[PDB]
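Data block below; observations after.
Computation of the quantities below employed the complete heavy-atom set of this structure, encompassing side-chain atoms and omitting hydrogens, waters and symmetry-equivalent molecules. For reference, positions follow the sequence shown, starting with 1.
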Amino acid sequence: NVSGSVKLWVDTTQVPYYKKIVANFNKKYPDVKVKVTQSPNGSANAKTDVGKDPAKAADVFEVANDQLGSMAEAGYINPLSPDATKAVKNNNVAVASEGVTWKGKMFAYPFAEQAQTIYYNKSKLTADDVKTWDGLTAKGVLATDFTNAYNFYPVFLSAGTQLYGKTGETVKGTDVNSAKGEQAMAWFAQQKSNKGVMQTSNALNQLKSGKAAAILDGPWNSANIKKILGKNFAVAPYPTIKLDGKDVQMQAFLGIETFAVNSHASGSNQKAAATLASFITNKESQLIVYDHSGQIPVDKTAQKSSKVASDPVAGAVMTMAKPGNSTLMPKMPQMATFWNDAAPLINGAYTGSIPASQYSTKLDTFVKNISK
Ligand SMILES: OC[C@H]1O[C@@H]2O[C@H]3[C@H](O)[C@@H](O)[C@@H](O[C@H]4[C@H](O)[C@@H](O)[C@@H](O[C@H]5[C@H](O)[C@@H](O)[C@@H](O[C@H]6[C@H](O)[C@@H](O)[C@@H](O[C@H]7[C@H](O)[C@@H](O)[C@@H](O[C@H]8[C@H](O)[C@@H](O)[C@@H](O[C@H]9[C@H](O)[C@@H](O)[C@@H](O[C@H]1[C@H](O)[C@H]2O)O[C@@H]9CO)O[C@@H]8CO)O[C@@H]7CO)O[C@@H]6CO)O[C@@H]5CO)O[C@@H]4CO)O[C@@H]3CO
């Protein structure tokens, strides 16, 4: 039998359907008392929401896979048991297991596959128009945010550099301090004068108001964008960009969204928390998430279900996940420093605060900063 009390943190607009999932959980586990709330600052900030006071934080919380190495090394999350590991590994696609594994051990329960795509108004742009960045932006406005390194760091990967080495596990393996890194910096700088590229802190609002024909966004907004665009909804994988005069696919990050168990819990509450985390990331629960938000399951069977297989967003995400089209976010503890330093590097190139004469110096300093 499973008993105990568990606090669950989810992202703000997810609460209504996690309440439905928790109702399903309580059919099987009637004696577990779950309190579902939004988190203080969302899954993109889980490591600090938990770290500021682990005993006060939720017992089960939503967290993106890049944060897991930091949280594991800090002792905020424990390895999954052998049986829990086997379930994750057997039920979900390979990259989901890679996403939650740190030094050979799993530290979270994966449930969704996240890659950004182009979302666009098909009354304004065609499927052919969105194949290239310059071609798209010559025909309509793309709204985006150059202060967000999750949006734009992958251009360095398109340029042929590595982030923490071949597989994201090599502390000294970022090699962006090179001519290839400079090519990415120059691409950011070019976009400042591209009249079809609109800098904004709220790209989705620009799509809603009609000021943008296209945005880059992820599947957490799939159902949201389908509602906004209605019969004009369309989606595509990322386009090619020109780097050093060559067309290359513009990458996104591949992220795995997860739930983790707070290591503070003990006794019955710990068992209840692990049971909840397993349940809310099971196939049925992943399909409920899909039905509400459009997020893409990592469960092998769910991905091949008719409804997911016919969804154009799922198809675009599956394309994005292929080698060359994205890179799995690394989960090194150093990712904290990476994210902090990457945003001003990219935005400085875009705004011109970093001129071309300084690209090499700034990239050298960046690599030193993130490679300790
Ligand atoms: O809008 C939808 C979301 O709304 C709600 O989110 C709001 C927050 O609740 C509210 O607090 C606020 O956030 C601001 C915050 O208050 C400020 O303090 C500041 O944040 C700084 C932060 O405090 C610092 O510690 C630091 O953060 C670093 C962080 O520690 C580190 O891990 C890393 O972050 C990177 C992630 O780890 C990485 O995974 C990736 O994040 C992706 C993510 O993977 C992907 O899923 C996607 O996230 C979606 C999410 O799935 C959706 O559910 C939806 O979330 C809503 C929230 O749940 C609500 O709480 O939308 C999300 C965004 O699309 O996209 C993420 C990328 O955007 O990359 C991360 C790096 O970008 O590095 C950071 C930076 O070093 O620095 C912070 C910045 O100063 O700023 C906050 C934002 O203004 O406002 C939120 C709404 O904007």
Side-chain angles (χ1 to χ4, degrees), residues 4-11 35 37-82 84-85 88 96-112 114 149-150 153 163-165 167-174 253-267 269-278 280-281 328-343 366-372:
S5 293
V6 180
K7 181 176 301 188
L8 175 63
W9 278 351
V10 306
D11 286 21
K35 290 278 227 239
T37 71
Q38 71 195 66
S39 59
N41 298 105
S43 58
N45 295 298
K47 57 175 297 196
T48 52
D49 280 354
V50 173
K52 66 171 44 168
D53 194 337
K56 186 175 168 182
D59 306 291
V60 180
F61 56 90
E62 195 169 338
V63 53
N65 76 281
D66 61 298
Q67 295 170 45
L68 293 174
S70 178
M71 295 191 79
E73 294 298 320
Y76 299 149
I77 55 182
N78 294 319
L80 272 56
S81 71
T85 295
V88 169
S97 291
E98 185 187 6
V100 301
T101 299
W102 171 240
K103 297 175 170 173
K105 297 178 170 216
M106 293 191 181
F107 285 89
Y109 296 79
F111 70 91
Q114 297 180 343
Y150 177 88
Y153 192 88
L163 180 57
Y164 298 115
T167 62
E169 303 180 46
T170 307
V171 174
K172 301 289 193 192
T174 307
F253 282 120
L254 195 293
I256 303 299
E257 196 66 65
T258 85
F259 284 95
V261 175
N262 190 327
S263 63
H264 187 268
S266 66
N269 288 347
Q270 174 180 30
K271 288 187 175 55
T275 305
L276 183 67
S278 172
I280 71 182
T281 66
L328 176 66
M329 289 195 289
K331 67 165 68 64
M332 303 292 289
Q334 294 84 347
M335 285 297 281
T337 302
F338 162 77
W339 289 118
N340 183 82
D341 292 355
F366 175 73
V367 167
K368 282 184 177 77
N369 284 345
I370 72 167
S371 301
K372 291 168 176 173

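Contact check for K372 versus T337: no side-chain heavy atoms found under the 4.5 Å cut-off. Side-chain contact between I280 and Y109 is absent, with no heavy atoms from C-beta onward closer than 4.5 Å. Side-chain contact between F61 and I77: present, with at least one pair of heavy atoms (C-beta onward) separated by less than 4.5 Å. Between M332 and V171 there is a side-chain heavy-atom pair separated by less than 4.5 Å.
Minimum heavy-atom separation, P330 to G168: CB-O, 3.6 Å. Residue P110 comes nearest to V100 through the heavy atom pair CB-CG1, 3.9 Å, listed as atom of the first residue, atom of the second, then distance. Considering every non-hydrogen atom in both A273 and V60, the closest pair reads O-CG2, 3.4 Å. The minimum heavy-atom distance linking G4 with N269 is given by the pair CA-OD1, 3.4 Å. Residue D49 comes nearest to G42 through the heavy atom pair OD2-N, 3.9 Å, listed as atom of the first residue, atom of the second, then distance. Pairing each heavy atom of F253 with each of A149, the nearest pair is CE1-O, 4.0 Å.
Checked by atom type and distance alone, the side chain of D59 never pairs as donor or acceptor with a backbone atom of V6 at under 3.5 Å. Although no hydrogens or angles enter the test, the distance criterion places a donor-acceptor pair under 3.5 Å between the side chain of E257 and the main chain of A64. Within the 3.5 Å criterion, the main-chain N or O of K271 finds a donor-acceptor partner in the side chain of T275. The closest donor-acceptor contact from the side chain of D66 to the backbone of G255 lies at 3.5 Å or more, if one exists at all.
To the nearest 0.5 angstrom, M335 atom CE is 12.5 Å from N340 atom CG. Interatomic distance, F107 CZ to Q67 CD, rounded to the nearest 0.5 Å: 15.0 Å. Expressed to the nearest 0.5 Å, how far OG1 of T48 lies from CE of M71 amounts to 8.5 Å. Atom CG in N65 sits 5.0 Å away from atom CG in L328 (nearest 0.5 Å). Of the inter-residue distances, the one linking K56 atom NZ with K7 atom NZ reads 8.5 Å to the nearest 0.5 angstrom. Atom CD1 in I256 sits 11.0 Å away from atom OG1 in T101 (nearest 0.5 Å).
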Check step by step if side chain to side chain contact (heavy atoms under 4.5 Å, CB included) holds for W9 and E62. CA-CA 6 Å; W9 278 351; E62 195 169 338; over 6 Å; no
Do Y164 and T174 pass the side chain to side chain contact (heavy atoms under 4.5 Å, CB included) test, and can you show the C-alpha distance, the side-chain angles, and the key distance before you say yes or no? CA-CA 5 Å; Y164 298 115; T174 307; 3.7 Å; yes
Would you please test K103 and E73 for side chain to side chain contact (heavy atoms under 4.5 Å, CB included) and show each step? CA-CA 10 Å; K103 297 175 170 173; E73 294 298 320; 3.0 Å; yes
In sequence, state the C-alpha distance, the side-chain angles, and the governing distance for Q334 and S371, and then conclude on side chain to side chain contact (heavy atoms under 4.5 Å, CB included). CA-CA 7 Å; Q334 294 84 347; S371 301; over 6 Å; no
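In this structure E98 satisfies the salt bridge (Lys or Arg N to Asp or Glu O under 4.0 Å) test with no other residue, sequence neighbours excluded. By the ring pair (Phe, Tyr, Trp, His ring centres under 6.0 Å) test, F338 is found to be paired with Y153, residues two or more places apart in sequence or in another chain being considered. Partners of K105 by salt bridge (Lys or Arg N to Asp or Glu O under 4.0 Å), not counting sequence neighbours: none found.
For the residue pair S43 / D11, a side-chain donor-acceptor distance below 3.5 Å is found, with atom types taken as modelled.
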